[PDB]
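Trainee: Before we start, here is the structure in question, set down as structure tokens.
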Amino acid sequence: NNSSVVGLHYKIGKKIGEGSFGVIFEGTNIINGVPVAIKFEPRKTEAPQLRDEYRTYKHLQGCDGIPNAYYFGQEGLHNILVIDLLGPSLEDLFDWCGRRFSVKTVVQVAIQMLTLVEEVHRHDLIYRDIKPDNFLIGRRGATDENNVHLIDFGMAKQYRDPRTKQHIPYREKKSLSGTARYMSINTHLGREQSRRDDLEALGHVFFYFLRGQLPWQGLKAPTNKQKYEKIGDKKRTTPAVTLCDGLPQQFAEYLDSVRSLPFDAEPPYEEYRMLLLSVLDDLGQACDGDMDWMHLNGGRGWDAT
Ligand SMILES: Fc1ccc(-c2nn3cc(F)ccc3c2-c2ccncc2)cc1
Ligand SMILES: [Cl-]
Ligand SMILES: [Cl-]
Ligand SMILES: [Cl-]
């Protein structure tokens with residue numbers, strides 16, 4: 001099968017994926033030359049997920065920051081999803097900036113993440129896998145080159161009925177699903193996740209960007225279940241003011257606020273964005289869209305990685 005073309009119009013190119021969440025490739029539409037990301041998944045697999053992820057992109061189609069889904073089908077023993085190709089993740093740019101983002105970069109990146117997560121909630125979905133690895137910027141020279149995007153909805157769940165807007169019932173004793181570094185306290189306790197838990201996870205990412213690390217990283221334990229327990233115990237023990245030591249206090253006020261939200265309550269997204277925006281007014285900075293990674297390699301941007 002020389003010159004492998006999947007989905008009729010998509011030329012398989014360069015591998016950029018992992019071995020756990022299906023291998024991901026670069027691609028080129030052979031009709032118009034637009035780049036795409038092509039994600040493979042074994043057909044007869046123990047965890048089928050790529051079909052519902054295709055329907056999540058179609059559900060969120062038209063949202064600023066959600067890539068377009070172009071094709072989904074079966075080819076051989078693989079399910080194939082084709083979406084827009086995007087740039088590095090905020091975790092990638094984090095590593096390239098010395099594993100520390102400036103206050104101005106964190107604020108501007110935060111208000112775009114709150115808008116993305118809000119748009120997800122608007123369509124009756126909760127993300128439940130908030131992490132900097134899944135927030136991607138655009139490609140070079142594009143109009144949305146430095147805008148934040150959201151991908152990978154394998155953990156997305158419907159939290160309310162699309163017709164009546166009846167919130168999902170609250171339950172407990174759930175299996176811990178997610179990355180323990182950012183998941184909310186309620187997720188450590190096995191509680192059903194809702195809109196408030198996507199925002200508390202964002203607050204953990206904000207302190208992660210500002211400090212360079214979280215005090216519950218590098219925690220050791222004999223098993224993984226007890227390691228998730230130690231991390232969750234440090235999160236309740238550490239007040240938001242302690243996390244915010246030396247930082248603008250609006251980030252601690254944000255984390256405490258989203259931790260106090262009722263289970264089924266609609267969070268004040270715009271009030272949170274205005275809260276993080278007042279940081280720039282307190283520091284005499286403008287929200288002009290200038291980011292730290294835009295100064296890499298001599299005011300040039302990232303390269304070769
Ligand atoms: F269909 C899909 C679904 C998800 C993905 C995807 N997962 N993912 C996970 C990361 F950690 C980083 C990046 C990344 C991508 C991605 C998307 C677009 N452009 C480049 C990379 C690609 C195709
Ligand atoms: Cl579930
Ligand atoms: Cl960790
Ligand atoms: Cl680089």
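The chains in the structure tokens are called A, B, ... from first to last as shown; in each chain the residues are counted from 1, and the ligands are counted from 1 in the order shown.
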List every residue of stretch 97-256 of chain A that DSSP, applied to the backbone of this structure, assigns to helix (DSSP H, G or I), and report them as a CSV table (one decimal) with N, CA and C atoms, in the first residue's frame.
Mentor:
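This went into part26.csv:
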chain,number,residue,atom,x,y,z
A,103,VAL,N,2.8,36.0,34.5
A,103,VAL,CA,1.5,36.3,34.9
A,103,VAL,C,0.6,36.7,33.8
A,104,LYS,N,1.1,37.6,32.9
A,104,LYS,CA,0.3,38.0,31.7
A,104,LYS,C,0.0,36.9,30.8
A,105,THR,N,0.9,36.0,30.6
A,105,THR,CA,0.6,34.8,29.7
A,105,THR,C,-0.4,33.9,30.4
A,106,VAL,N,-0.3,33.7,31.7
A,106,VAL,CA,-1.2,32.8,32.4
A,106,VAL,C,-2.6,33.4,32.3
A,107,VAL,N,-2.8,34.7,32.5
A,107,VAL,CA,-4.1,35.3,32.5
A,107,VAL,C,-4.7,35.2,31.2
A,108,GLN,N,-4.0,35.6,30.1
A,108,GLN,CA,-4.6,35.6,28.8
A,108,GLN,C,-4.9,34.1,28.3
A,109,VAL,N,-4.0,33.2,28.7
A,109,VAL,CA,-4.3,31.8,28.4
A,109,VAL,C,-5.5,31.3,29.2
A,110,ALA,N,-5.7,31.8,30.4
A,110,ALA,CA,-6.7,31.3,31.3
A,110,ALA,C,-8.1,31.8,30.8
A,111,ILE,N,-8.3,33.0,30.3
A,111,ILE,CA,-9.6,33.5,29.9
A,111,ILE,C,-10.0,32.8,28.6
A,112,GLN,N,-9.0,32.3,27.8
A,112,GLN,CA,-9.4,31.5,26.6
A,112,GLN,C,-9.8,30.1,27.0
A,113,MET,N,-9.1,29.5,28.0
A,113,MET,CA,-9.5,28.2,28.5
A,113,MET,C,-10.9,28.2,29.1
A,114,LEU,N,-11.2,29.3,29.9
A,114,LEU,CA,-12.5,29.4,30.5
A,114,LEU,C,-13.6,29.5,29.4
A,115,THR,N,-13.3,30.2,28.3
A,115,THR,CA,-14.2,30.4,27.3
A,115,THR,C,-14.4,29.0,26.5
A,116,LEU,N,-13.3,28.3,26.3
A,116,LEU,CA,-13.4,27.0,25.7
A,116,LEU,C,-14.2,26.0,26.5
A,117,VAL,N,-13.9,25.9,27.8
A,117,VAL,CA,-14.6,25.0,28.7
A,117,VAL,C,-16.1,25.4,28.8
A,118,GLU,N,-16.3,26.7,28.9
A,118,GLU,CA,-17.7,27.2,28.9
A,118,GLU,C,-18.5,26.7,27.6
A,119,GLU,N,-17.9,26.9,26.5
A,119,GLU,CA,-18.5,26.5,25.2
A,119,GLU,C,-18.8,25.0,25.3
A,120,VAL,N,-17.9,24.2,25.9
A,120,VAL,CA,-18.1,22.8,26.0
A,120,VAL,C,-19.4,22.5,26.9
A,121,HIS,N,-19.5,23.3,28.0
A,121,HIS,CA,-20.6,23.2,28.9
A,121,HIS,C,-21.9,23.7,28.2
A,122,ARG,N,-21.8,24.6,27.3
A,122,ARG,CA,-23.0,25.1,26.6
A,122,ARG,C,-23.7,24.0,25.8
A,132,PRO,N,-2.9,20.6,30.6
A,132,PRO,CA,-2.3,21.5,29.6
A,132,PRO,C,-1.9,20.8,28.3
A,133,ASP,N,-1.8,19.4,28.4
A,133,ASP,CA,-1.4,18.6,27.2
A,133,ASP,C,-2.4,18.6,26.1
A,134,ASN,N,-3.7,18.9,26.5
A,134,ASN,CA,-4.8,18.8,25.5
A,134,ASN,C,-5.2,20.2,25.0
A,185,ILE,N,-10.7,18.0,43.8
A,185,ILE,CA,-10.8,17.3,45.0
A,185,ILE,C,-12.0,16.4,45.0
A,186,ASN,N,-13.1,16.8,44.4
A,186,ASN,CA,-14.3,15.9,44.3
A,186,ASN,C,-14.0,14.7,43.5
A,187,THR,N,-13.1,14.7,42.5
A,187,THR,CA,-12.8,13.5,41.8
A,187,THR,C,-11.9,12.6,42.6
A,188,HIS,N,-11.0,13.1,43.4
A,188,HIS,CA,-10.3,12.2,44.3
A,188,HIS,C,-11.2,11.4,45.3
A,195,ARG,N,-19.8,20.7,36.1
A,195,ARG,CA,-19.1,21.8,35.5
A,195,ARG,C,-18.1,22.4,36.5
A,196,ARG,N,-18.4,22.3,37.8
A,196,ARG,CA,-17.5,22.9,38.8
A,196,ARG,C,-16.1,22.2,38.8
A,197,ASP,N,-16.1,20.9,38.4
A,197,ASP,CA,-14.8,20.2,38.5
A,197,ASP,C,-13.9,20.5,37.3
A,198,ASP,N,-14.5,20.9,36.1
A,198,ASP,CA,-13.7,21.3,35.0
A,198,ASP,C,-13.0,22.6,35.3
A,199,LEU,N,-13.6,23.5,36.2
A,199,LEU,CA,-13.0,24.8,36.5
A,199,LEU,C,-12.0,24.7,37.6
A,200,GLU,N,-12.2,23.8,38.6
A,200,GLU,CA,-11.2,23.6,39.6
A,200,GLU,C,-9.9,23.0,39.0
A,201,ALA,N,-10.1,22.1,38.1
A,201,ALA,CA,-8.9,21.5,37.4
A,201,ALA,C,-8.2,22.6,36.6
A,202,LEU,N,-8.9,23.6,36.0
A,202,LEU,CA,-8.3,24.7,35.4
A,202,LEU,C,-7.5,25.6,36.4
A,203,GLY,N,-8.1,25.8,37.6
A,203,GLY,CA,-7.4,26.5,38.6
A,203,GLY,C,-6.1,25.8,39.0
A,204,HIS,N,-6.0,24.5,39.0
A,204,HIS,CA,-4.8,23.8,39.3
A,204,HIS,C,-3.8,24.0,38.2
A,205,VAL,N,-4.3,24.1,37.0
A,205,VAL,CA,-3.4,24.3,35.8
A,205,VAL,C,-2.8,25.7,35.9
A,206,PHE,N,-3.6,26.7,36.4
A,206,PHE,CA,-3.1,28.1,36.5
A,206,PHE,C,-2.0,28.2,37.5
A,207,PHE,N,-2.2,27.6,38.7
A,207,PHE,CA,-1.1,27.6,39.6
A,207,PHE,C,0.1,26.8,39.1
A,208,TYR,N,-0.2,25.7,38.3
A,208,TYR,CA,0.9,25.0,37.7
A,208,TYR,C,1.7,25.8,36.8
A,209,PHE,N,1.1,26.7,36.0
A,209,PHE,CA,1.8,27.6,35.1
A,209,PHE,C,2.5,28.6,35.8
A,210,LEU,N,1.9,29.2,36.9
A,210,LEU,CA,2.5,30.3,37.6
A,210,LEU,C,3.7,29.9,38.4
A,211,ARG,N,3.6,28.8,39.1
A,211,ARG,CA,4.7,28.4,40.0
A,211,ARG,C,5.7,27.5,39.4
A,224,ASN,N,-0.7,2.9,43.2
A,224,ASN,CA,-1.2,4.1,42.5
A,224,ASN,C,-2.5,4.6,43.2
A,225,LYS,N,-3.3,3.7,43.8
A,225,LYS,CA,-4.5,4.2,44.5
A,225,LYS,C,-4.1,5.0,45.7
A,226,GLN,N,-3.1,4.6,46.4
A,226,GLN,CA,-2.6,5.4,47.6
A,226,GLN,C,-1.9,6.6,47.1
A,227,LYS,N,-1.3,6.6,45.9
A,227,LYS,CA,-0.6,7.8,45.4
A,227,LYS,C,-1.7,8.9,45.1
A,228,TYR,N,-2.8,8.5,44.4
A,228,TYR,CA,-3.9,9.4,44.2
A,228,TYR,C,-4.5,9.9,45.5
A,229,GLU,N,-4.4,9.1,46.6
A,229,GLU,CA,-4.9,9.5,47.9
A,229,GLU,C,-4.0,10.6,48.5
A,230,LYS,N,-2.7,10.4,48.4
A,230,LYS,CA,-1.8,11.3,49.0
A,230,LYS,C,-1.9,12.7,48.3
A,231,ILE,N,-2.1,12.7,46.9
A,231,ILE,CA,-2.2,13.9,46.2
A,231,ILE,C,-3.5,14.6,46.6
A,232,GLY,N,-4.6,13.9,46.7
A,232,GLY,CA,-5.8,14.5,47.1
A,232,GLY,C,-5.8,15.1,48.6
A,233,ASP,N,-5.0,14.4,49.4
A,233,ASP,CA,-4.9,14.9,50.8
A,233,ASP,C,-4.1,16.2,50.9
A,234,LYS,N,-3.0,16.3,50.0
A,234,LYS,CA,-2.3,17.5,50.0
A,234,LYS,C,-3.1,18.7,49.5
A,235,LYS,N,-4.1,18.4,48.6
A,235,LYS,CA,-4.9,19.4,48.0
A,235,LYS,C,-5.8,20.1,49.0
A,236,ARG,N,-6.5,19.3,49.9
A,236,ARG,CA,-7.3,19.8,50.9
A,236,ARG,C,-6.5,20.5,52.0
A,237,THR,N,-5.3,20.0,52.3
A,237,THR,CA,-4.5,20.6,53.3
A,237,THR,C,-3.9,21.9,52.9
A,240,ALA,N,-5.8,27.8,49.3
A,240,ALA,CA,-5.5,28.6,48.1
A,240,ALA,C,-4.5,29.7,48.3
A,241,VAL,N,-4.6,30.3,49.5
A,241,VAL,CA,-3.6,31.4,49.8
A,241,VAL,C,-2.2,30.9,49.8
A,242,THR,N,-2.0,29.7,50.3
A,242,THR,CA,-0.7,29.1,50.3
A,242,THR,C,-0.2,28.8,48.9
A,243,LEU,N,-1.1,28.3,48.1
A,243,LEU,CA,-0.7,28.1,46.7
A,243,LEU,C,-0.4,29.4,46.0
A,250,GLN,N,-5.9,37.0,42.9
A,250,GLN,CA,-7.1,36.7,42.2
A,250,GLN,C,-7.1,35.2,41.8
A,251,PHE,N,-5.9,34.6,41.7
A,251,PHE,CA,-5.9,33.1,41.3
A,251,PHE,C,-6.3,32.3,42.5
A,252,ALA,N,-6.0,32.7,43.7
A,252,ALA,CA,-6.5,32.0,44.9
A,252,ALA,C,-8.0,32.2,45.1
A,253,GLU,N,-8.4,33.4,44.9
A,253,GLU,CA,-9.9,33.7,44.9
A,253,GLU,C,-10.6,32.9,43.9
A,254,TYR,N,-10.0,32.7,42.7
A,254,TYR,CA,-10.7,31.8,41.7
A,254,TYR,C,-10.8,30.4,42.2
A,255,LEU,N,-9.7,29.8,42.7
A,255,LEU,CA,-9.7,28.4,43.1
A,255,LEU,C,-10.7,28.2,44.2
A,256,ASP,N,-10.7,29.1,45.2
A,256,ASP,CA,-11.6,28.9,46.3
A,256,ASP,C,-13.1,29.1,45.9
Trainee: Extract, using only C-alpha atoms, all DNA, RNA and protein residues at most 8 Å from residue A:67, discarding same-chain residues fewer than 3 positions from it, and format them as a list in words.
Mentor: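 The residues that qualify are residues 57, 61, 83, 84, 85, 149, 150 and 151 of chain A.
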Trainee: Do you have, as a Markdown table, the list of residues of chain A lying at most 10 Å from ligand 4, each with its nearest atom pair and that distance in Å to one decimal, counting only C-alpha atoms and all ligand atoms and ordered by chain then number?
Mentor:
| residue | atom | partner | partner_atom_place_in_ligand_line | distance |
| --- | --- | --- | --- | --- |
| A:92 | CA | ligand 4 | 1 (Cl) | 8.7 |
| A:93 | CA | ligand 4 | 1 (Cl) | 7.8 |
| A:95 | CA | ligand 4 | 1 (Cl) | 8.7 |
| A:96 | CA | ligand 4 | 1 (Cl) | 5.5 |
| A:97 | CA | ligand 4 | 1 (Cl) | 8.4 |
| A:293 | CA | ligand 4 | 1 (Cl) | 8.6 |
| A:296 | CA | ligand 4 | 1 (Cl) | 6.9 |
| A:297 | CA | ligand 4 | 1 (Cl) | 7.2 |
| A:300 | CA | ligand 4 | 1 (Cl) | 9.8 |
| A:301 | CA | ligand 4 | 1 (Cl) | 7.2 |
| A:302 | CA | ligand 4 | 1 (Cl) | 3.9 |
| A:303 | CA | ligand 4 | 1 (Cl) | 4.5 |
| A:304 | CA | ligand 4 | 1 (Cl) | 6.2 |
| A:305 | CA | ligand 4 | 1 (Cl) | 5.7 |
Trainee: If I take atom CA of residue A:182 and atom CA of residue A:131, how far is one from the other in Å, to one decimal?
Mentor: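 So the answer is 6.7 Å.
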Trainee: 10 Å from ligand 3 is the threshold here; counting only C-alpha atoms and all ligand atoms, which polymer residues fall inside it? Answer as a list in words.
Mentor: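 Residues satisfying the distance criterion: residues 179, 180, 181, 182, 213, 214, 215, 216, 217, 218, 219, 220, 227, 228 and 231 of chain A.
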